[PDB]
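**Student:** This structure is in structure tokens; I'll ask about it shortly.
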Amino acid sequence: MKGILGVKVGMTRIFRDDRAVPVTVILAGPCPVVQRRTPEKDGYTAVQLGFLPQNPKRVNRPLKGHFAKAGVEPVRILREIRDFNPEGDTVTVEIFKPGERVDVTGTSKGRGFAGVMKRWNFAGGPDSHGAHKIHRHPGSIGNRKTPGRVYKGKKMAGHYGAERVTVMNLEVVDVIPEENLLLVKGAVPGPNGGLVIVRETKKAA
Amino acid sequence: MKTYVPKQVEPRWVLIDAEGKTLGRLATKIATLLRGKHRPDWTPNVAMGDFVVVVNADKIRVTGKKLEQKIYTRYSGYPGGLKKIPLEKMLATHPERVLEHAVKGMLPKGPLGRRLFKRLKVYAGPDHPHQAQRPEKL
Amino acid sequence: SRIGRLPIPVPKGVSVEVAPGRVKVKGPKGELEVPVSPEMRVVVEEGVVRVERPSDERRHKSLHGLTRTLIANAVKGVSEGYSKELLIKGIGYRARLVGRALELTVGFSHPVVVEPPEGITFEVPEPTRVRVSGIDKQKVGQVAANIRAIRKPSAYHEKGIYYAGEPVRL
RNA sequence: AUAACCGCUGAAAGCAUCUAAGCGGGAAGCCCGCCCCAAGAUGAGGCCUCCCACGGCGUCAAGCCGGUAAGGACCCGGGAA
RNA sequence: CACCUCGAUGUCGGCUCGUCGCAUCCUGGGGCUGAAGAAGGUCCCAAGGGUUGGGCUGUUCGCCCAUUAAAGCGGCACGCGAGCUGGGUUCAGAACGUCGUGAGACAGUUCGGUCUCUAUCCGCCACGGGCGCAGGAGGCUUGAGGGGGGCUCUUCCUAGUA
Ligand SMILES: [Mg+2]
Ligand SMILES: [Mg+2]
Ligand SMILES: [Mg+2]
Ligand SMILES: [Mg+2]
Ligand SMILES: [Mg+2]
Ligand SMILES: [Mg+2]
Ligand SMILES: [Mg+2]
Ligand SMILES: [Mg+2]
Ligand SMILES: [Mg+2]
Ligand SMILES: [Mg+2]
Ligand SMILES: [Mg+2]
Ligand SMILES: [Mg+2]
Ligand SMILES: [Mg+2]
Ligand SMILES: [Mg+2]
Ligand SMILES: [Mg+2]
Ligand SMILES: [Mg+2]
Ligand SMILES: [Mg+2]
Ligand SMILES: [Mg+2]
Ligand SMILES: [Mg+2]
Ligand SMILES: [Mg+2]
Ligand SMILES: [Mg+2]
Ligand SMILES: [Mg+2]
Ligand SMILES: [Mg+2]
Ligand SMILES: [Mg+2]
Ligand SMILES: [Mg+2]
Ligand SMILES: [Mg+2]
Ligand SMILES: [Mg+2]
Ligand SMILES: [Mg+2]
Ligand SMILES: [Mg+2]
Ligand SMILES: [Mg+2]
Ligand SMILES: [Mg+2]
Ligand SMILES: [Mg+2]
Ligand SMILES: [Mg+2]
Ligand SMILES: [Mg+2]
Ligand SMILES: [Mg+2]
Ligand SMILES: [Mg+2]
Ligand SMILES: [Mg+2]
Ligand SMILES: [Mg+2]
Ligand SMILES: [Mg+2]
Ligand SMILES: [Mg+2]
Ligand SMILES: [Mg+2]
Ligand SMILES: [Mg+2]
Ligand SMILES: [Mg+2]
Ligand SMILES: [Mg+2]
Ligand SMILES: [Mg+2]
Ligand SMILES: [Mg+2]
Ligand SMILES: [Mg+2]
Ligand SMILES: [Mg+2]
Ligand SMILES: [Mg+2]
Ligand SMILES: [Mg+2]
Ligand SMILES: [Mg+2]
Ligand SMILES: [Mg+2]
């Protein structure tokens with residue numbers, strides 16, 4: 001179930017078959033598999049997949065040269081791939097052919113305390129007529145004596161954004177192995193320079 | 001003459017089979033066992049009861065059309081968050097819950113009611129950790 | 001009066017073995033296992049196999065006939081027990097056959113392949129008539145039904161998969 | 001896996017019956033599947049990798065005080081947080 | 001009817017935000033048809049989601065225009081004024097008709113007419129601090145259990161075939 005880590009680089013249009021193709025260039029660098037963990041001593045199947053190299057030994061003792069190729073532990077080994085057993089070593093952009101759909105998981109841009117209406121697309125109040133200090137307010141939040149309380153999931157204002165988000169079934173417009181670049185078209189979450197993980201699609205699986 | 005009251009006494013362990021045993025009928029007993037009400041030094045405020053182990057928990061028999069008709073409900077704090085679960089699915093998904101649940105509801109409520117439930121290790125089919133004793137019974 | 005329950009089956013080149021829960025027939029055409037009520041004792045006599053009920057309760061009588069018949073079929077089964085007709089009427093409607101699998105074109109924007117289950121054998125003596133061969137009979141009647149169920153008769157005129165029998169109306 | 005329903009096999013009730021024993025089909029619904037949260041799941045799970053088994057006291061029960069180790073904070077430069 | 005509330009349980013309609021019931025408006029699945037087909041009628045299952053924009057009137061409702069797969073009926077203090085509105089009702093001004101000798105009066109009409117910055121507890125949306133998870137740490141995780149989502153039309157091929 002091929003997966004790979006990477007950083008959202010940017011967006012741009014492509015042109016193909018005399019057609020504009022809006023895409024999001026993600027860099028899916030070589031991912032040194034550092035652990036596997038099978039139903040033997042884990043109960044499932046995955047692949048620790050350390051990403052960006054870096055670390056002039058800000059690595060301390062929790063380092064794992066245990067699995068040979070630690071090639072100086074990477075900044076974010078974080079996240080396995082679950083039910084993926086690679087070409088033995090080092091996973092790269094090669095796992096993706098132009099024309100495959102993919103599921104990108106990202107960390108959506110944060111908006112902090114966002115009001116109902118944005119958080120939730122509420123209509124708020126009228127900007128004129130009666131009006132009165134309730135223009136962007138949520139209105140009523142309940143009934144009367146029964147139930148005499150607010151529902152468990154009542155859509156209200158709160159922190160919104162900066163969360164796990166997975167835009168699904170994205171076309172792979174192109175892949176450039178020379179530079180570990182991968183071009184999906186459109187809507188990958190989070191900011192540029194944020195970390196994402198690209199996976200096989202779930203439309204087929 | 002003050003009534004006698006036991007000291008720390010013995011942490012007993014008992015093994016039961018389950019397979020073929022009804023359910024509530026077995027639950028009744030496992031409860032009385034859980035709170036040493038068979039012991040002549042029974043005490044309501046202490047918890048001087050046996051630890052019960054149960055194997056073959058999935059071969060619990062049951063009468064009538066209870067496999068289909070009997071339903072376990074669960075309310076999440078949310079709207080429409082009342083889930084309904086029939087015996088069949090439970091057993092097929094999580095046996096050892098069907099019996100655990102029949103005993104939980106037959107132990108008294110309270111902080112001591114709990115704990116007594118903790119002293120109950122229900123397992124699917126046979127097998128389990130055999131650290132302590134296990135004088136099997138009926 | 002006179003109940004298809006306590007009469008007696010038959011033998012001839014076929015075996016019968018009573019287990020407390022079921023009975024195994026077996027014959028020149030294969031073997032069948034007949035799950036039967038734990039109550040109700042089936043006994044194997046000379047060239048026959050009686051079935052007798054414990055009580056006379058309206059509930060034991062009901063299980064009696066059933067049990068008797070249920071076994072007998074298994075006996076007819078292991079010595080020729082298949083059949084079930086299947087005559088496909090209607091104009092453009094024809095039935096072919098692809099190896100073990102039966103392919104029939106009955107008016108859709110496509111033909112329907114009806115690959116057969118184990119124990120069952122398909123035959124198409126002429127393209128406008130099929131037959132379902134088997135030992136089971138519960139399976140035969142099922143598969144025969146399924147195949148016909150692909151829509152069919154009942155219509156406003158002779159069009160669709162019929163059994164051998166059933167005339168129809170307007 | 002099911003609803004209405006459609007059937008197979010089939011007695012009671014010789015015939016017949018989808019049903020009383022059984023089995024098969026059958027819904028935008030139900031359970032999974034997708035997405036997100038989630039071990040305070042006090043039933044607090046797992047795997048990998050690190051530091052180690054001090055000094056006095058507590059004479060026994062669990063402890064008390066220091067330094068320490070792997071680490072971790074404090075402080076500071078910042079951040080689509 | 002007059003049982004809690006008159007040392008106060010703010011009253012219609014709109015707005016906002018919903019949530020639930022199913023006696024189902026649409027979509028899914030069915031049986032019957034006085035069902036040729038297409039299209040309907042009628043009853044059964046089904047509450048997952050959906051269920052338009054305008055003119056008139058304070059209106060709810062309803063009539064109407066243009067659409068639609070459909071323009072569903074109800075409950076929640078005729079849900080929701082410590083959330084808004086204040087057009088209606090429902091104080092003091094004024095007028096008409098009417099009634100009364102009169103002062104005045106009208107589920108009759110008319111024009112006007114003070115809607116009160118601070119959330120303690122519960123509840124809800126978010127975010128932490130503490131302790132626990134019996135050695136202490138840095139990573140990576142399983143998912144018990146929750147939540148989200150769930151709609152639908154047109155055209156074309158089949159085939160102008162049955
Ligand atoms: Mg921000
Ligand atoms: Mg939003
Ligand atoms: Mg918008
Ligand atoms: Mg809106
Ligand atoms: Mg509006
Ligand atoms: Mg606005
Ligand atoms: Mg105002
Ligand atoms: Mg204003
Ligand atoms: Mg209020
Ligand atoms: Mg099925
Ligand atoms: Mg029949
Ligand atoms: Mg069925
Ligand atoms: Mg089925
Ligand atoms: Mg759908
Ligand atoms: Mg998670
Ligand atoms: Mg842990
Ligand atoms: Mg691991
Ligand atoms: Mg009164
Ligand atoms: Mg009175
Ligand atoms: Mg008061
Ligand atoms: Mg008050
Ligand atoms: Mg009706
Ligand atoms: Mg319908
Ligand atoms: Mg028609
Ligand atoms: Mg109809
Ligand atoms: Mg109904
Ligand atoms: Mg108006
Ligand atoms: Mg209306
Ligand atoms: Mg009106
Ligand atoms: Mg309208
Ligand atoms: Mg409503
Ligand atoms: Mg009322
Ligand atoms: Mg009201
Ligand atoms: Mg107000
Ligand atoms: Mg109001
Ligand atoms: Mg007014
Ligand atoms: Mg005003
Ligand atoms: Mg006068
Ligand atoms: Mg008045
Ligand atoms: Mg006015
Ligand atoms: Mg004025
Ligand atoms: Mg007025
Ligand atoms: Mg106020
Ligand atoms: Mg309170
Ligand atoms: Mg906390
Ligand atoms: Mg523990
Ligand atoms: Mg779950
Ligand atoms: Mg839900
Ligand atoms: Mg769910
Ligand atoms: Mg929902
Ligand atoms: Mg024409
Ligand atoms: Mg055709």
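Ligands are numbered from 1 in the order shown, residues from 1 within each chain, and chains are lettered A, B, ... in the order they appear in the structure tokens.
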Write out, as a tab-separated table, each residue of chain C that has an atom at most 8 Å from chain D, together with the closest pair of atoms and their distance in Å to one decimal, counting only C-alpha atoms (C1' of nucleotides), rows going by chain and rising number.
**Tutor:**
```
residue	atom	partner	partner_atom	distance
C:1	CA	D:14	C1'	7.5
C:2	CA	D:14	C1'	6.4
C:3	CA	D:14	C1'	5.8
C:4	CA	D:14	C1'	5.9
C:37	CA	D:21	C1'	7.4
C:58	CA	D:12	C1'	6.6
C:59	CA	D:12	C1'	7.3
C:61	CA	D:12	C1'	5.7
C:62	CA	D:12	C1'	3.9
C:63	CA	D:11	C1'	6.4
C:64	CA	D:11	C1'	7.1
C:65	CA	D:11	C1'	5.0
C:66	CA	D:11	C1'	4.4
C:70	CA	D:10	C1'	7.9
C:137	CA	D:9	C1'	7.7
C:138	CA	D:9	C1'	5.0
C:139	CA	D:8	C1'	7.5
C:141	CA	D:8	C1'	5.5
C:142	CA	D:8	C1'	4.5
C:145	CA	D:8	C1'	7.1
```
**Student:** Step by step, measure atom-to-atom distances between ligand 7 and each residue using only C-alpha atoms (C1' of nucleotides) and all ligand atoms, keep those at most 12 Å, then write them as a PyMOL selection string.
**Tutor:** (chain A and resi 128-134) or (chain E and resi 81+84-86+114-115)
**Student:** Could you give me the residues within stretch 28-123 of chain B that DSSP places in alpha helix (DSSP H), as a PyMOL selection string?
**Tutor:** chain B and resi 28-34+66-69+87-93+98-104+113-116
**Student:** Save the residues we just selected, C-alpha atoms, as a PDB file, in the first residue's frame?
**Tutor:**
```
ATOM      1  CA  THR B  28     -25.756 -15.423  39.602  1.00  0.00           C
ATOM      2  CA  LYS B  29     -23.173 -17.824  40.995  1.00  0.00           C
ATOM      3  CA  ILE B  30     -20.106 -15.941  39.743  1.00  0.00           C
ATOM      4  CA  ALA B  31     -21.496 -12.878  41.527  1.00  0.00           C
ATOM      5  CA  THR B  32     -22.064 -14.572  44.879  1.00  0.00           C
ATOM      6  CA  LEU B  33     -18.545 -15.922  44.444  1.00  0.00           C
ATOM      7  CA  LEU B  34     -17.143 -12.505  43.589  1.00  0.00           C
ATOM      8  CA  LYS B  66     -32.170 -14.219  22.507  1.00  0.00           C
ATOM      9  CA  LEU B  67     -29.453 -14.494  19.858  1.00  0.00           C
ATOM     10  CA  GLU B  68     -31.484 -12.180  17.637  1.00  0.00           C
ATOM     11  CA  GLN B  69     -34.042 -10.532  19.912  1.00  0.00           C
ATOM     12  CA  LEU B  87     -26.364 -10.908  21.000  1.00  0.00           C
ATOM     13  CA  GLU B  88     -25.268 -12.546  17.734  1.00  0.00           C
ATOM     14  CA  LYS B  89     -23.025  -9.633  16.769  1.00  0.00           C
ATOM     15  CA  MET B  90     -21.607  -9.316  20.290  1.00  0.00           C
ATOM     16  CA  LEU B  91     -20.532 -12.961  20.537  1.00  0.00           C
ATOM     17  CA  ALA B  92     -19.224 -12.880  16.970  1.00  0.00           C
ATOM     18  CA  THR B  93     -17.371  -9.643  17.674  1.00  0.00           C
ATOM     19  CA  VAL B  98     -21.732 -10.775  27.007  1.00  0.00           C
ATOM     20  CA  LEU B  99     -20.794 -12.525  30.261  1.00  0.00           C
ATOM     21  CA  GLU B 100     -18.729  -9.679  31.720  1.00  0.00           C
ATOM     22  CA  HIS B 101     -21.777  -7.451  31.208  1.00  0.00           C
ATOM     23  CA  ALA B 102     -24.104  -9.977  32.855  1.00  0.00           C
ATOM     24  CA  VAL B 103     -21.912  -9.940  35.957  1.00  0.00           C
ATOM     25  CA  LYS B 104     -21.186  -6.210  36.071  1.00  0.00           C
ATOM     26  CA  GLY B 113     -19.063  -2.885  43.615  1.00  0.00           C
ATOM     27  CA  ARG B 114     -16.395  -2.034  41.081  1.00  0.00           C
ATOM     28  CA  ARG B 115     -13.090  -3.690  41.996  1.00  0.00           C
ATOM     29  CA  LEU B 116     -15.079  -6.866  42.721  1.00  0.00           C
TER      30      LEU B 116
END
```
**Student:** Please, which residues of chain B lie no more than 10 Å from chain E when the count uses only C-alpha atoms (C1' of nucleotides), and can they be set out as a ChimeraX atom specification?
**Tutor:** /B:76-81
**Student:** Keeping only N, CA, C and O atoms, write those residues as an mmCIF file, in the first residue's frame.
**Tutor:**
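The result, written out as again.cif:
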```cif
data_model
loop_
_atom_site.group_PDB
_atom_site.id
_atom_site.type_symbol
_atom_site.label_atom_id
_atom_site.label_comp_id
_atom_site.auth_asym_id
_atom_site.auth_seq_id
_atom_site.Cartn_x
_atom_site.Cartn_y
_atom_site.Cartn_z
ATOM 1 N N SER B 76 -23.853 7.281 23.460
ATOM 2 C CA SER B 76 -22.786 8.275 23.480
ATOM 3 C C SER B 76 -23.442 9.592 23.858
ATOM 4 O O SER B 76 -24.642 9.772 23.644
ATOM 5 N N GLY B 77 -22.679 10.515 24.427
ATOM 6 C CA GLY B 77 -23.259 11.778 24.854
ATOM 7 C C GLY B 77 -23.932 12.568 23.740
ATOM 8 O O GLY B 77 -24.619 13.559 24.004
ATOM 9 N N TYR B 78 -23.744 12.117 22.500
ATOM 10 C CA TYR B 78 -24.171 12.850 21.308
ATOM 11 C C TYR B 78 -25.602 12.537 20.875
ATOM 12 O O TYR B 78 -26.183 11.546 21.314
ATOM 13 N N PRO B 79 -26.181 13.397 20.015
ATOM 14 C CA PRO B 79 -27.523 13.187 19.454
ATOM 15 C C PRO B 79 -27.577 11.947 18.571
ATOM 16 O O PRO B 79 -26.698 11.752 17.732
ATOM 17 N N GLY B 80 -28.602 11.124 18.754
ATOM 18 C CA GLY B 80 -28.735 9.908 17.972
ATOM 19 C C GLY B 80 -27.616 8.921 18.252
ATOM 20 O O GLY B 80 -27.488 7.897 17.581
ATOM 21 N N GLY B 81 -26.803 9.231 19.255
ATOM 22 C CA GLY B 81 -25.715 8.364 19.660
ATOM 23 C C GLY B 81 -26.145 7.231 20.576
ATOM 24 O O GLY B 81 -25.415 6.852 21.495
#
```
**Student:** Determine which residues of chain E sit within 9 Å of chain A, taking into account only C-alpha atoms (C1' of nucleotides), and present them as a PyMOL selection string.
**Tutor:** chain E and resi 15-19+76-77+79-80+83-86+122-127+138-142+147
**Student:** Which residues are near ligand 18 in this structure, taking near to mean any atom at most 10 Å from a ligand atom and counting only C-alpha atoms (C1' of nucleotides) and all ligand atoms? Format them as number ranges by chain.
**Tutor:** E: 2-5
**Student:** Counting only C-alpha atoms (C1' of nucleotides), a student should be able to say which residues of chain C come within 9 Å of chain E; what is the right answer, written as number ranges by chain?
**Tutor:** C: 107-110, 156
**Student:** Using only C-alpha atoms, please write the residues we just selected to a file, as a JSON list (two decimals), in the first residue's frame.
**Tutor:**
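File produced: result_37.json:
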```
[["chain", "number", "residue", "atom", "x", "y", "z"],
["C", 107, "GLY", "CA", -33.53, -9.60, -23.91],
["C", 108, "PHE", "CA", -31.15, -7.43, -21.90],
["C", 109, "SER", "CA", -28.45, -5.16, -23.29],
["C", 110, "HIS", "CA", -26.20, -8.13, -22.56],
["C", 156, "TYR", "CA", -48.54, -10.22, -20.97]]
```
**Student:** List as a compact mmCIF listing (two decimals) with N, CA, C and O atoms, in the first residue's frame the protein and nucleic acid residues near residue B:134, meaning an atom at most 8 Å away when only C-alpha atoms (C1' of nucleotides) are counted, but skip any in the same chain fewer than 4 places from it.
**Tutor:**
```
# COMPACT_ATOMS: atom_id res chain seq x y z
N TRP B 13 -8.35 -18.03 44.23
CA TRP B 13 -8.59 -18.02 42.79
C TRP B 13 -9.36 -19.27 42.36
O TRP B 13 -9.00 -20.38 42.73
N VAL B 14 -10.41 -19.06 41.57
CA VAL B 14 -11.29 -20.15 41.16
C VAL B 14 -11.50 -20.15 39.64
O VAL B 14 -11.61 -19.09 39.03
N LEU B 15 -11.56 -21.34 39.05
CA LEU B 15 -11.69 -21.49 37.60
C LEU B 15 -13.07 -22.05 37.22
O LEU B 15 -13.55 -23.01 37.82
N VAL B 53 -11.79 -16.77 37.51
CA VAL B 53 -11.37 -16.89 36.12
C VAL B 53 -12.40 -17.72 35.37
O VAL B 53 -12.92 -18.70 35.89
N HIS B 130 -1.83 -18.84 34.22
CA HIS B 130 -2.04 -19.79 35.31
C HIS B 130 -1.08 -19.56 36.48
O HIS B 130 -0.59 -20.51 37.10
```
**Student:** Just the residues within 7 Å of residue A:27, please, counting only C-alpha atoms (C1' of nucleotides), with nothing from its chain fewer than 6 positions along; format it as an MDAnalysis selection string.
**Tutor:** chainID A and resid 6:9 180:182
**Student:** Between atom CA of residue C:14 and atom CA of residue C:28, what is the distance, to one decimal in Å?
**Tutor:** 7.1 Å
**Student:** Find the residue from D:67, D:26, D:79, D:46 that sits nearest to chain A; use only C-alpha atoms (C1' of nucleotides) when measuring.
**Tutor:**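 When distances to chain A are compared using only C-alpha atoms (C1' of nucleotides), the smallest one comes from D:46.
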**Student:** What are the closest atom pairs, with distances in Å to one decimal, for each residue of chain D lying within 12 Å of chain B, using only C-alpha atoms (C1' of nucleotides), rows by chain and rising residue number, as JSON lines?
**Tutor:**
```
{"residue": "D:1", "atom": "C1'", "partner": "B:89", "partner_atom": "CA", "distance": 9.3}
{"residue": "D:2", "atom": "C1'", "partner": "B:68", "partner_atom": "CA", "distance": 11.5}
{"residue": "D:30", "atom": "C1'", "partner": "B:84", "partner_atom": "CA", "distance": 9.9}
{"residue": "D:31", "atom": "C1'", "partner": "B:89", "partner_atom": "CA", "distance": 8.6}
{"residue": "D:32", "atom": "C1'", "partner": "B:93", "partner_atom": "CA", "distance": 11.4}
{"residue": "D:42", "atom": "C1'", "partner": "B:115", "partner_atom": "CA", "distance": 10.8}
{"residue": "D:43", "atom": "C1'", "partner": "B:118", "partner_atom": "CA", "distance": 8.3}
```
**Student:** Next, the residues of the selection above should be written as a PDB file, in the first residue's frame with C-alpha atoms (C1' of nucleotides).
**Tutor:**
```pdb
ATOM      1  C1'   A D   1     -26.167  -9.205   7.976  1.00  0.00           C
ATOM      2  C1'   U D   2     -31.562  -7.651   7.050  1.00  0.00           C
ATOM      3  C1'   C D  30     -28.317  -1.550   9.513  1.00  0.00           C
ATOM      4  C1'   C D  31     -22.840  -3.550  10.683  1.00  0.00           C
ATOM      5  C1'   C D  32     -18.129  -2.993   8.506  1.00  0.00           C
ATOM      6  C1'   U D  42      -7.693   3.841  36.463  1.00  0.00           C
ATOM      7  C1'   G D  43      -9.319  -2.385  31.630  1.00  0.00           C
TER       8        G D  43
END
```
**Student:** What is the atom CA of residue C:154-atom CA of residue C:129 distance in Å, reported with one decimal?
**Tutor:**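 Atom CA of residue C:154 sits 17.9 Å away from atom CA of residue C:129.
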**Student:** Find the residues near ligand 39. Use a cut-off of 12 Å, count only C-alpha atoms (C1' of nucleotides) and all ligand atoms, and write them as a list in words.
**Tutor:**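 Result of the 12 Å neighbour search around ligand 39: residues 89, 90, 91, 105, 106, 107 and 108 of chain E.
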**Student:** Since we have the selection now, will you write its residues out, keeping N, CA, C and O atoms (P, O5', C5', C4', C3', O3' and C1' of nucleotides), as a PDB file, in the first residue's frame?
**Tutor:**
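Result file is selection-v1.pdb:
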```pdb
ATOM      1  P     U E  89     -52.149  45.511  16.161  1.00  0.00           P
ATOM      2  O5'   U E  89     -52.232  44.670  17.514  1.00  0.00           O
ATOM      3  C5'   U E  89     -52.883  43.408  17.557  1.00  0.00           C
ATOM      4  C4'   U E  89     -52.591  42.669  18.845  1.00  0.00           C
ATOM      5  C3'   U E  89     -52.672  43.483  20.120  1.00  0.00           C
ATOM      6  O3'   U E  89     -53.998  43.682  20.565  1.00  0.00           O
ATOM      7  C1'   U E  89     -50.719  42.154  20.160  1.00  0.00           C
ATOM      8  P     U E  90     -54.373  44.986  21.425  1.00  0.00           P
ATOM      9  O5'   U E  90     -53.602  44.733  22.798  1.00  0.00           O
ATOM     10  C5'   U E  90     -53.823  45.571  23.929  1.00  0.00           C
ATOM     11  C4'   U E  90     -52.527  46.100  24.490  1.00  0.00           C
ATOM     12  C3'   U E  90     -51.565  46.685  23.457  1.00  0.00           C
ATOM     13  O3'   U E  90     -50.784  47.704  24.072  1.00  0.00           O
ATOM     14  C1'   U E  90     -50.516  44.907  24.550  1.00  0.00           C
ATOM     15  P     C E  91     -51.199  49.244  23.924  1.00  0.00           P
ATOM     16  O5'   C E  91     -51.013  49.800  25.402  1.00  0.00           O
ATOM     17  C5'   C E  91     -51.876  49.393  26.448  1.00  0.00           C
ATOM     18  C4'   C E  91     -51.806  50.350  27.603  1.00  0.00           C
ATOM     19  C3'   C E  91     -51.782  51.817  27.232  1.00  0.00           C
ATOM     20  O3'   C E  91     -53.052  52.344  26.901  1.00  0.00           O
ATOM     21  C1'   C E  91     -50.041  51.419  28.717  1.00  0.00           C
ATOM     22  P     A E 105     -61.742  54.386  28.143  1.00  0.00           P
ATOM     23  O5'   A E 105     -62.898  53.513  27.490  1.00  0.00           O
ATOM     24  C5'   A E 105     -63.691  52.648  28.292  1.00  0.00           C
ATOM     25  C4'   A E 105     -64.581  51.784  27.447  1.00  0.00           C
ATOM     26  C3'   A E 105     -63.904  51.104  26.267  1.00  0.00           C
ATOM     27  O3'   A E 105     -63.254  49.900  26.633  1.00  0.00           O
ATOM     28  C1'   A E 105     -65.898  52.154  25.543  1.00  0.00           C
ATOM     29  P     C E 106     -62.309  49.132  25.587  1.00  0.00           P
ATOM     30  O5'   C E 106     -63.331  48.677  24.451  1.00  0.00           O
ATOM     31  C5'   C E 106     -63.566  47.303  24.180  1.00  0.00           C
ATOM     32  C4'   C E 106     -64.233  47.116  22.843  1.00  0.00           C
ATOM     33  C3'   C E 106     -63.300  46.997  21.647  1.00  0.00           C
ATOM     34  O3'   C E 106     -62.834  45.672  21.449  1.00  0.00           O
ATOM     35  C1'   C E 106     -65.042  48.541  21.173  1.00  0.00           C
ATOM     36  P     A E 107     -61.278  45.399  21.171  1.00  0.00           P
ATOM     37  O5'   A E 107     -61.189  43.808  21.159  1.00  0.00           O
ATOM     38  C5'   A E 107     -62.308  43.012  20.781  1.00  0.00           C
ATOM     39  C4'   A E 107     -62.040  42.222  19.519  1.00  0.00           C
ATOM     40  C3'   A E 107     -63.139  41.240  19.126  1.00  0.00           C
ATOM     41  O3'   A E 107     -63.137  41.078  17.708  1.00  0.00           O
ATOM     42  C1'   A E 107     -61.150  40.054  19.510  1.00  0.00           C
ATOM     43  P     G E 108     -63.645  42.259  16.738  1.00  0.00           P
ATOM     44  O5'   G E 108     -63.109  43.578  17.451  1.00  0.00           O
ATOM     45  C5'   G E 108     -62.023  44.319  16.909  1.00  0.00           C
ATOM     46  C4'   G E 108     -62.425  45.078  15.667  1.00  0.00           C
ATOM     47  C3'   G E 108     -61.339  45.919  15.025  1.00  0.00           C
ATOM     48  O3'   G E 108     -60.432  45.161  14.256  1.00  0.00           O
ATOM     49  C1'   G E 108     -63.284  47.207  15.188  1.00  0.00           C
TER      50        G E 108
END
```
**Student:** Using only C-alpha atoms (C1' of nucleotides), determine which residues lie at most 10 Å from stretch 51-56 of chain C, disregarding the query and same-chain residues fewer than 6 positions distant; provide the list as a ChimeraX atom specification.
**Tutor:** /C:5-9,39-44,62-65,67-69,71
**Student:** Write to file, as a compact mmCIF listing (two decimals), in the first residue's frame, the residues of the selection just made, with N, CA and C atoms.
**Tutor:**
```txt
# COMPACT_ATOMS: atom_id res chain seq x y z
N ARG C 5 -45.38 -39.93 6.64
CA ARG C 5 -44.44 -39.76 7.74
C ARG C 5 -43.87 -41.10 8.15
N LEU C 6 -44.76 -42.02 8.54
CA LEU C 6 -44.36 -43.33 9.02
C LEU C 6 -44.27 -44.43 7.96
N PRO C 7 -44.58 -44.12 6.68
CA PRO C 7 -44.20 -45.11 5.67
C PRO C 7 -42.69 -45.29 5.66
N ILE C 8 -42.19 -46.10 4.74
CA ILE C 8 -40.79 -46.49 4.80
C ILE C 8 -40.09 -46.34 3.46
N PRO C 9 -38.89 -45.75 3.47
CA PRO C 9 -38.07 -45.61 2.26
C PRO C 9 -37.65 -46.95 1.67
N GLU C 39 -34.02 -35.36 18.39
CA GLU C 39 -35.17 -36.19 18.73
C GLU C 39 -35.47 -37.04 17.51
N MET C 40 -36.57 -37.78 17.51
CA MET C 40 -36.95 -38.54 16.32
C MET C 40 -35.85 -39.54 15.98
N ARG C 41 -36.11 -40.83 16.21
CA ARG C 41 -35.10 -41.83 15.91
C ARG C 41 -35.35 -42.55 14.59
N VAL C 42 -34.37 -42.48 13.70
CA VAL C 42 -34.44 -43.20 12.44
C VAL C 42 -33.72 -44.54 12.60
N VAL C 43 -34.39 -45.62 12.23
CA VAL C 43 -33.83 -46.95 12.37
C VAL C 43 -33.64 -47.59 11.01
N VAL C 44 -32.54 -48.32 10.84
CA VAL C 44 -32.28 -48.98 9.57
C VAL C 44 -32.66 -50.46 9.63
N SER C 62 -45.30 -32.80 13.09
CA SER C 62 -44.76 -31.86 12.11
C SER C 62 -43.32 -32.19 11.75
N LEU C 63 -42.52 -32.58 12.74
CA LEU C 63 -41.13 -32.94 12.47
C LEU C 63 -41.01 -34.35 11.90
N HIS C 64 -42.09 -35.12 12.00
CA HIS C 64 -42.08 -36.51 11.57
C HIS C 64 -42.07 -36.62 10.06
N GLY C 65 -43.17 -36.25 9.43
CA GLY C 65 -43.26 -36.26 7.98
C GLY C 65 -42.03 -35.63 7.35
N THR C 67 -39.02 -35.17 8.40
CA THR C 67 -37.84 -36.03 8.52
C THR C 67 -37.84 -37.19 7.53
N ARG C 68 -38.97 -37.88 7.45
CA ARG C 68 -39.14 -39.00 6.54
C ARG C 68 -38.80 -38.58 5.12
N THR C 69 -39.55 -37.61 4.61
CA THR C 69 -39.33 -37.08 3.28
C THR C 69 -37.90 -36.60 3.09
N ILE C 71 -35.20 -37.51 4.21
CA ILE C 71 -34.26 -38.60 3.99
C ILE C 71 -34.50 -39.26 2.63
```
**Student:** When the cut-off is 10 Å and we count only C-alpha atoms (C1' of nucleotides), which residues of chain A are near chain D, given as JSON, numbers by chain?
**Tutor:** {"A": [35, 37, 38, 41, 42, 43, 60, 61, 62, 63, 64, 65, 66, 108, 109, 110, 111, 112, 162, 163, 164, 165, 166, 167, 168, 190, 191, 192, 193, 194, 202, 203]}
**Student:** Please provide as a list in words all residues within 6 Å of stretch 57-64 of chain B, with the sequence filter that same-chain residues fewer than 3 positions apart are discarded (counting only C-alpha atoms (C1' of nucleotides)).
**Tutor:** residues 18, 19, 20, 21, 22, 95, 96, 123, 124 and 125 of chain B
